[PDB]
Structure formats: structure tokens, C-alpha cells
Number of protein chains: 2
Amino acid sequence: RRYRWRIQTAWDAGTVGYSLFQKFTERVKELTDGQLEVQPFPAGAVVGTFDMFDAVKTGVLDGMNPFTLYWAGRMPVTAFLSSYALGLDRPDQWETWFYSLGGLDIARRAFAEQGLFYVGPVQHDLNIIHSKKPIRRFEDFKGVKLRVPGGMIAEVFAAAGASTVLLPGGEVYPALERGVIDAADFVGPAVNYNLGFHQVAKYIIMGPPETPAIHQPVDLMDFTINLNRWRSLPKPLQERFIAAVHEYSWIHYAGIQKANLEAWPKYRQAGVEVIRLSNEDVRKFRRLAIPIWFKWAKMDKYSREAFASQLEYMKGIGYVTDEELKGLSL
Amino acid sequence: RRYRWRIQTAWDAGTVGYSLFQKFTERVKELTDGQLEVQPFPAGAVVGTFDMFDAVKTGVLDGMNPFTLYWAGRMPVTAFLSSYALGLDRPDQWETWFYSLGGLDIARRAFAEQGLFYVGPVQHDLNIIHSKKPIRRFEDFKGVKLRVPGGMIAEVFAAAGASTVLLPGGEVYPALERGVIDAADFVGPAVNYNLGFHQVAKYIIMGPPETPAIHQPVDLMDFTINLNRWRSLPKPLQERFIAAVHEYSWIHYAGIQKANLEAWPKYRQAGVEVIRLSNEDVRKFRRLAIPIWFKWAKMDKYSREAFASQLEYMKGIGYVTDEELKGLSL
Ligand SMILES: [Zn+2]
Ligand SMILES: [Zn+2]
């Protein structure tokens, strides 16, 4: 039999991300000899981006390709299924945690409880911030109306004095154009350029060379399927889909990075100034971030289990010291 | 029909690498519904490790899973299909170069001329060095009889004054034991421990925290199949094997990294001391390395094509400056 799944992505039509997503649907068809076809839908075509979770749960959408931390408000563990401020910051570290340190199994158990099947993470990129005004040091975040993807990312910036707001990436351009917000994080350079942020914001704010991305160094996406639909798919096809997603994870990653290399010269051409924060600004964010990591970990049994193993890993590779964990518990 | 392929790996029996490789053949069987069965063979079981290239070319072996730079002496481009001293040093950078910047197509074209189908790279790990006597700085390399995997890696150490020797990892232990060599690089901590290096060498030599691996930060493996055997495989199975290898690339990478985390405590227990070189030491190696990059790049049309796009990429991410390239050119 042939199966057809309808999957909407967080990528807006007309972005490098959507183009990569379109090709993935062709690859799935090739890998399953046409037995499984995925019909792609750009952000907002079936439902709003943040409404994808419920639509996939009901089966109205067969699956979704979101940025995983979008569900942080309803599933605490998802704040730990994508990068959070100053924690693990390399694609290979997240890949290791998910694929050998138990991360994938935590995600699958948590999503199964929601009637969803978490297939696996899709590698992507770090994120940058676009601002209408110069933010040159930690203290300049005070009073900035900043769009961020909620969750722990928003909490960290709020602890730095920013007024945070949650908006889908597609609403950032009009918000900055009208001055409804002063700044916005979204994704990396290439897609932000596709969305025109450079024309409504003259600055790009990044961390120092040592920590380019303070908040989201590894902004993971994923594929999540309605559990019933997943369980109805023949096992051989389920296994091929898992392989297709893991292969795509890196094909997506590479395509985004190539587009990013091409985008930087364009920002310079557009007259956009890239502001680099300092190592000291990062330390100020670090002191705010660690206690917040623990508060989020303490939300439910899944966030605790995921952070516990991530913390152990961070200790093993020198990303956290016992001294800085003083007074914190788990 | 059902296809059966014998594929030998550079991993010795009894290593974490070989266990991961055995699992991959089961994964291939599952992904192809039993149509493609790869019978795994540990290093030296069918042919010698360095004989795999000719064994596969002539068909004695259907395919191989080697460390790609083993063929540097016969195919100059392979010295650029795996990490080399002080160039790109993160797994994600090599993934990007191969999958979006044209790297994969260069490898495939170069191998096709040899009657081989290069499937894709297999991520792995950085490498560390084990020594019988301490090597605490750049100058301590003079006079050291050092085992390395030849090619550009051997040439950089020779430039530092070491007497290099080429040996399969499975022959490092006896070579150290009987004093044939003073030190040896091979792979990461877990597998080196599997091979018992800690029993014949009390030191591990690594770069500073900023540059843990000076010579081989991304020691890639790959799958290469006899071209005729590849062409006789139905296209649907060719595509599934390609996806399987790419998925495995990271499953392998993650498994190796987990094992590495578990190995450090065993080295401490075995009484092995980890010596870290300095940033100054890295600079001394750097001044030798860069000119060597160009020497190897100019070897043939493929080594030139590969290095050309890698240099362009490194320039793009600030890994090299025009200043330090003064007087060097393709
Ligand atoms: Zn973001
Ligand atoms: Zn090596």
C-alpha cells in the first residue's frame, strides 16, 4: 500500500529552509520507493506555527517540522531538546547527547505521552539577533522589546532586563517595520535575510568570537508524527523514515550553512553593522542562566531527566564547574 | 534478488569501533528488507588494512570502511578527505564542506577513476597521541620515532623533527612494547584503550584546551564500494545504502564519543598522565603546517580542487588570514 502524510514546517515559503524541506519530501519518496509520500506545507498554510502541536495531535496534520523549543510552555522537556543559553553549543555535542547519551529516548517517551511520535532532531544553525538600536553591552538589553521564541530563551533575556515577546518568524518583519518591537532573534543570517530583517533593522547583535551565540547556538528542528499515524505505518517504512530524517538533519544543516556564508557579505553591502558583545557580557549572562537552567529542569520528570544527563555531559567536557553550581540542586 | 557484500573495516575486533560497525550491517539489512546483506570483517581478517584499497579495486572485497587518508600516498586528494593539521577542526565543518560545498562530488569523481564508489564520509573523533616518555612541548618532538598514518599528517610531524613510521593501529602495541617506536598516534581515547596502549605507554600527549588535536581533529572514515558491484546494485538499494551510511556516520560518531567519556577514568586508573601542549606549541606547528597544505594541494587536479574550496571556506569562517598566506598560492 502507499501512504501519504501531510506535514507542515516552521519554515515560511520562500526561505532557504522551505526549499530544503521541499527536497526532503522528494528524498522520502525515493527512499521508500514511493510507498510513503510527504506533502509539504509552508508555515501557516494549514494552521499557525504554534498551533501545529494540537493539529498533529488530532491528526488534522499527520506531522510537523518545528523548532522543538516552541513547545516549552506545554512540555517543559522541549526547552532541553534544543539549545539553551550557554550550555552545550556545538552540533556534534547535541548529536552525541541525543544519539548515544539517552536524549532521543527521553524525547520519545515524553512525546508518546502527548500522543505524538518524536522521530529525531534536525540539525540547523546558531541564531543571531537583529536590532533597530545599538546593543553594545550586557546593560543595553535593559528596556529592549525583544522577540524571542519564549521558554527558557525568553526567561534569560528577561532576567537581563528585556521585555520579551513571542511572535512567529513571519511576523517579525512587520513588527520591526512598525517599531512594535526594537529587536528580534529568529534564526541564522541567510533565512533572516530571506525575511528582510536587514531592511527594518540596521544592527546585528552577536556574542564575542568565543561565544558567537549566547542564547541559541544549536537551534534544533525535528520531525514529530501523530502517534496513531506512526503506529499505522509498516515497520519497514517507519525505519526508513527514521533514516531519512537523520540523513536530512545534516543535509538541512549543510544547506543552511552554505546559504549563511553567502549571506554575510550581503549584510555588509546593505550597511548593517554587526555588533560583537564581549567575554564579560557573556559572563553576566552566564550568572543569570545557570539558576534558570535548574528552575526549568525542576518543572517535570522529563526536563529533570534530560537536564541531569546534559549536566553530567557538560561536567565531563568542562562546560560547567562545581563551583558555579553552588547552592543549586537536582 | 538478494545481494551479499563482504566489507572489511579498519577497526580491529575487540574495539568499540568494530562493535558499532557490526551493528551497522544489521541496520542495513533492516533498511533494505534483507535485500542487501553486508558481512562484516574486522581489520586484517581478509586482507591487511592498507591492502583494502586494492582488495576492493580488484573485487576480492566488495567494499571497505577505512580511514580515508590511508590512500594519501596513491591518491593525493584523500589527504584532503579527512582532517589535516590545523585546518577545519569541527565535525560540522567537514559535514558542510562535503554535503553543500562540493566536497562529496570531488571525492566521487576521484574514486571513480580508480574503479571505486566513494559512498560518503563517516564522522568519528579527534585523535590523541600515546608516548613512553613525556613530550611537553614542540621541541620534544625532535628525534621521536612516531607512528602516524602517513601522508600530510606524517609530513607535519617530520617537519617538527620526528622520525615517522606507518603502521596499522593493531601493530602499535607491540611496536611500543619492544621499543620500535617511542610514541604513537592512532585514534581517540576509548579505542586506544581497547588496544591496550595504556599498558605500554604512561603518557597521552594532547594539544591545549583551545586546540585539543593539532594533527587530526576530524579523523573521518568512509564506505567505498567496488564500482562494478555498486553499478550492479538496483538504484533503490544504492540510495538506501547511501542514506544508511549517512545515518551511521553520526550513530558511529556518537557511540565513539560516549565510549571516550568512559575511557578517561580508566586512563587515570591505569596511571596514565595526560600532558597538554601550549598555544605557543600550536603556533609553531601552524607555521610548518600551512606551507605543507599547499605542497600537497598542488599534487594533482583533485587535491587542488578540494583544497581550493576548503581554503575558500576557511577564509569565510576566519580560520586563515591573507597575512599568514603571504607567499603561498595555488
Ligand atoms: Zn531563535
Ligand atoms: Zn590518527
Side-chain angles (χ1 to χ4, degrees), chain A residues 6-25 38-56 60-61 63-74 78 82-83 122 124-132 144-151 153-154 157 162-201 203-205 213 215-216 219-224 252 255-256 259-260 263 266-267 270 272:
Chain A
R6 273 88 176 163
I7 297 183
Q8 178 175 303
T9 175
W11 287 134
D12 283 282
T15 59
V16 177
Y18 192 61
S19 299
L20 294 165
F21 179 67
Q22 286 181 301
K23 286 179 186 55
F24 166 72
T25 64
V38 172
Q39 172 171 18
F41 287 93
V46 186
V47 294
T49 294
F50 304 128
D51 293 319
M52 287 198 287
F53 190 101
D54 292 318
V56 172
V60 168
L61 266 177
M64 58 182 170
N65 167 226
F67 286 98
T68 318
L69 46 56
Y70 282 172
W71 318 135
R74 58 195 311 167
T78 60
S82 184
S83 72
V122 167
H124 165 227
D125 189 14
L126 45 62
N127 290 176
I128 62 178
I129 290 168
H130 295 260
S131 183
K132 298 177 76 62
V144 175
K145 301 181 191 66
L146 170 76
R147 175 276 171 201
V148 259
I153 301 312
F157 280 115
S163 297
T164 65
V165 57
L166 174 68
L167 297 169
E171 289 174 25
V172 172
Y173 179 97
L176 283 164
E177 185 184 21
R178 295 161 198 155
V180 181
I181 60 178
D182 307 309
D185 148 274
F186 182 40
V187 296
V191 174
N192 286 359
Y193 187 91
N194 293 160
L195 300 172
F197 296 1
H198 53 296
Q199 296 211 57
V200 292
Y203 305 93
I204 276 173
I205 315 307
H215 61 299
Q216 289 188 263
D219 188 23
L220 297 182
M221 298 188 85
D222 73 60
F223 270 84
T224 298
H252 180 257
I256 289 288
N260 287 342
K266 295 189 172 171
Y267 281 114
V272 170

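Protein chains get the first letters and strands the later ones, always in sequence-line order, with residue 1 at the start of each. Values reported hereafter were calculated over all heavy atoms of this structure, with side chains retained and with hydrogens, waters and symmetry mates removed.
Nearest heavy atom pair, residue A:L69 against residue A:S83, reads CD2-O, 4.0 Å. In this structure, A:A10 and A:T49 approach most closely via the heavy-atom pair CB-CG2, 4.3 Å. Heavy atoms only, all atoms of each residue included: A:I205 and A:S131 are closest at CG1-CB, 3.9 Å. Heavy atoms only, all atoms of each residue included: A:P42 and A:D12 are closest at CB-C, 4.5 Å. The shortest heavy-atom contact between A:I128 and A:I204 is CD1-CD1, 4.1 Å. Annotation for A:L167 and A:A175: closest pair CD1-CB, 3.9 Å, computed over non-hydrogen atoms.
Here the side chain of A:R6 pairs no donor or acceptor atom with the backbone of A:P40 at under 3.5 angstrom. A:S82 places a side-chain N or O within 3.5 Å of a backbone atom of A:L220 that can act as its donor or acceptor partner. Proximity of a side-chain donor or acceptor of A:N65 to a complementary backbone N or O of A:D222 within less than 3.5 Å is detected. Within the 3.5 Å criterion, the main-chain N or O of A:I129 finds no donor-acceptor partner in the side chain of A:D185. Within the 3.5 Å criterion, the main-chain N or O of A:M52 finds no donor-acceptor partner in the side chain of A:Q8.
In this structure, the side chains of A:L61 and A:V47 come closer than 4.5 Å at one or more pairs of heavy atoms. Counting heavy atoms from C-beta on, the side chains of A:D125 and A:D219 never come closer than 4.5 Å. Considering only heavy atoms from C-beta on, A:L146 stays 4.5 Å or farther from A:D182 through its side chain.
Between the CD1 atom in A:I181 and the CZ atom in A:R147 there is a gap of 8.0 Å [rounded to 0.5 Å]. The structure places OH of A:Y70 at 12.0 Å from CE of A:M64, a figure rounded to the nearest 0.5 Å. The distance from atom NZ of A:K145 to atom NZ of A:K132, rounded to the nearest 0.5 Å, is 11.5 Å. With rounding to the nearest 0.5 angstrom, the CD1 atom of A:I7 is 9.0 Å from the OG1 atom of A:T25.
Shown are A:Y173, A:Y193, A:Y267, A:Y203; of these, the ring-ring contact (aromatic ring centres under 6.0 Å, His included) with A:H130 is made only by A:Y267.
Relative ring orientation between A:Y18 and A:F21 is described as tilted, the plane-to-plane angle lying within the 30° to 60° band. Taking the six-membered ring where the residue is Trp, A:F67 and A:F186 present perpendicular rings, their angle passing 60° and hence far from 30°.
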Requested in this report: Check the pair A:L166 / A:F50 against side chain to side chain contact (heavy atoms under 4.5 Å, CB included), numbers first and verdict last.
Outcome: CA-CA 10 Å; A:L166 174 68; A:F50 304 128; 3.7 Å; yes
Query raised in the report: Please walk me through it: do A:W11 and A:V191 pass side chain to side chain contact (heavy atoms under 4.5 Å, CB included)?
Result: CA-CA 9 Å; A:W11 287 134; A:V191 174; 3.7 Å; yes
